[PDB]
Every structure is written in C-alpha cells, then in structure tokens.
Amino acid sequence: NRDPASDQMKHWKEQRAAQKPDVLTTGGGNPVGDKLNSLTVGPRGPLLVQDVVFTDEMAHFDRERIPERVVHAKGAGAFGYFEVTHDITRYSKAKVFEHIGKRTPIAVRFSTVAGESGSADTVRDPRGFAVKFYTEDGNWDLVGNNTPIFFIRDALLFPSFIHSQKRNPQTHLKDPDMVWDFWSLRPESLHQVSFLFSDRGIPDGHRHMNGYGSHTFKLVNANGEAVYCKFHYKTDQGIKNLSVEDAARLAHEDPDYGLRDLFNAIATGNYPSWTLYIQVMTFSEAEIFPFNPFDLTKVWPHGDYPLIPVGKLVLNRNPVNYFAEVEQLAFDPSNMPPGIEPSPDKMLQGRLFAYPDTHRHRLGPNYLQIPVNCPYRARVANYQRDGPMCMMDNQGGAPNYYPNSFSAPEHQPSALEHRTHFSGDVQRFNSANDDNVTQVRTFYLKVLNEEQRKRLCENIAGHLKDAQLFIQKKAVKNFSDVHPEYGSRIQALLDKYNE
C-alpha cells in the first residue's frame, strides 16, 4: 500500500465493493451499448452522424476546459470549519463571531501566483490563502496571502505588475528585464520584495505558512461603533520553508508537492490548523499612525498593535472532485456580512470590483449558483433573475421588482453600512512617494538575522543578475536607499555574477 492520494481509485473501488457498476449512459441518460467502438458502415467504412454516443461524449470532452484564474492559477483546496475561541463582539457584530465555540463551515484554496495551471508548487512566489466562511449572514470571503503586505499600493498598477511577473508578450518566456524594470521603477515594492526573497519565499507546502488578510479592514459592533483591523491566521504546525535547492528538485520530481502534501495530511487525520487573530486600530489611532494605515505596503507593528485571539481554522475534509469543488471555487473580497467592511485601502477598493467581475467571465454570470460558491447557510432572496445556466427555480414566480405590494423580499436597515465622513478633492492623488523604505529597513535589520540576510541577498542577486545593467543599477540604488549594506551586499554578488 502507498499514500492515500495514490490509492484514490483503489479506495473508491473498495468503498463500493459488492455493488454492481452503474449502467454507462449518454448525457441525456440513454444507456450505451458499446462505448468502445464507433458506429460505421462496415468494419472499414466511414463514421456516421447517427453515432450520437460519440458526438455526445466527444462534444463534452471538447468543452472540458474553462479559463484558468488570471492570477493564482495553480492551487490546492480543502474544507473544514472555523471555530470561535475568543470573544471579539466588542469590535464586530458579525454572526460568524457571535459566541465562543460557534462553528462555521469554511472552504480554503492555497496557490502560487504567476505560474499557469501546469506550473510547479515549490517555486519562489507569494502564496494565496483564501478562506470562504459560509455564514448565516451570507458568505464572507477572506481572500488573503501568506504575507501581511503587497508589492504595490494602488490597483491601477496591478495589471502591469502581474504582466511583468508573467510571460513576455512575444517570446512567451519569463523575462527578468520585465520583472526588475517594474520593481526598480516602483520602489514601493521593496518591502514585499524583501519578504518574497527571504526564506518565507518558498513555504514547505501550504500547511507551514501563515495567512493574512493583508489589507486594513473595518469592524462594526452592535452599537454602531467601528474600528479598523488586520486579520492574521498563524499556522499551528509551525513555519517551515524549503531550501532553494530542495525546491528546485521538487519542482521537477513533484510539481504538485503542495497538492499531495495537503491531501495526505487530511487523509491521514493530520488536520492542519491556524489560529485567527486581529489587530485593532481605533479611528483616532489611524489618524496618527506613522504611515498611511491603509497603505498595503505597510504592516502594523505588533508592539503597538498586539494580536487579539479570535478562533481556529481547521481543514478536515478533502475535495471529492477537484474541478467542481476547487477549480470552480470563487472568492470575492466584496462578500462581507454585516459587522465587517472595507477600509479606504486603494488596493482593497479595486478588489471589491475585480473578483466578482473576473468570476462572471471565468465561471459564468451565475457562478454563485455553483454548489461550492452558494451561500448555503443563508437564504438568498432578491430581485435578480435569469442569466445563462440558470439553476434551481430562479426564485419561481416571486414578484421581480422592488418595491412592490406583493410581499416579496425586503431590505433590513440593521444591515446598513457604517457611516464614515469623507472630505476632499476628487482627484488622482500620487501615492508613489509614501515612504518606501522605513519598514523595509526594520525588516532587513531587525526582523531578519545575519544568516537570512545573506540568503536574501543571494536570492535577489541570483535573479536580478539576468536583467540589463542599467536595471541592476536602479534596483541596487533602491536597495541602498533601504540600507547601504543591503544594496552593497547585492552589488558585490552582482559584480561576481557579471563575471
């Protein structure tokens, strides 16, 4: 016997023992007589249109693929539950946090970022760590990453950043010039770049990394009082990373290392868990925070904003069919129940639009009707109707316009969003110069130790060496701005590489 993953079919057959195999049918339910030989006129004659068994099956095979995610295409999923362990109702009225011990089903998908569906798991890249909470007040999607920060602070640079990280438009090859030209021209990326090229750049699977909402969010309590927060979910199995050489080897020996590791852990009862925490910042504190508290390239120092325990995230169930339950999973940051709201973070603001938008394209207009995406713990009732692939009863014969005098769904004022006051000129404010080095300097000098600082520079140099000289110069210049020793170490390695 081998690992559970390897024995998937062996186990399927066993848990069905004795049962006679089902009758093979066409999509329309018609039994098939012989699905191994085509219908022709004579043994060596032409294929007939009358062979509807062939066409029915072949037409579906021809339509199996859907567009992969534009970003985070390579991933793994699992299911489990969220359990409240601490009371934070003084900050949020969200039903999901209602009482200690309360359980809410969750769906989770882990992923890399730049690689396509056939890429390797063990490569340097941030890691997606999305969590869907099926709450009574609808779904709450906490679409986080394995890092508290990100490369940029304005959504307008996101398509460009992603493009720079992917393939050259003409050669279809990874392009270090594209990667470093963008990063060198946008130094705000220094913080996450430093994290990315540190040991945390290649987690040992998905179970040995933390998750973060990254963005500053807003929590509102029953009294209508609001505070800003940060979500953190630390791994209970400990942080563990793969060395550059081990990652390269696994890259070809098992491009699906993360998928396999997660499935086997769950299959053997070694359920991975994370502890969910929040950092809280009052509106007054946000007004005096040393940096823009809504700047995604900044963290909230733990010393000034301690982590507050909330609950546990446990994954105890593997997908039964990957395509249906994982490939089709759709997380929308805009999916927020009462008690949880967005902050002015320019990046988060852009995401409120982007995810539902790309989902309507990738999956379809009615993607929220796909089982794994349906808020099955809530009661969906509204005035939306039709659309392609309309499932269920499409809300039957219920009045389809609001307001109406026929007892159809009514809005609930208690669900009204928290009112914040805003004043200012409507314009495109430049945020390109919002302190790009201070916290980066702290990370390099205080967070990292000597051994990791060494690896960090070697990691950066090893990749940056392939960019043109003028690009290497600008990049080094930015690293020197963070700390002269930082840029100096990289330059020395670069000089050597440039042989």
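One rule holds for the numbers: they count along the sequence shown, beginning at 1.
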Checklist line | Mean temperature factor over C-alpha atoms, higher-scoring stretch between 410-418 and 378-386 | finding: 410-418
Next item on the list: Would you tell me which stretch averages the higher CA B-factor in the PDB entry, 354-362 or 283-291?
Entry: 283-291
Check: Can you tell me which of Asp393, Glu341, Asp175, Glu188 has the highest Cα temperature factor in the record?
Finding: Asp393
Next item on the list: Please work out which residue in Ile471, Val53, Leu48, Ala59 has the highest C-alpha B-factor recorded for this crystal structure.
Entry: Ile471
Item checked: Lowest, middle or highest third - CA B-factor, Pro67 -> lowest
Checklist line | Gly118, C-alpha B-factor rank within chain (lowest, middle or highest third) | finding: highest
Next item on the list: Grab the CA temperature factor for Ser92 from the record and place it in the lowest, middle or highest third of its chain.
Entry: middle
Margin query: When the deposited Cα B-factors of this chain's modelled residues are ordered and cut into thirds, is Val244 in the lowest, the middle or the highest one?
Written below: highest
Check: Where does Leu36 sit by CA temperature factor within its chain: lowest, middle or highest third?
Finding: lowest
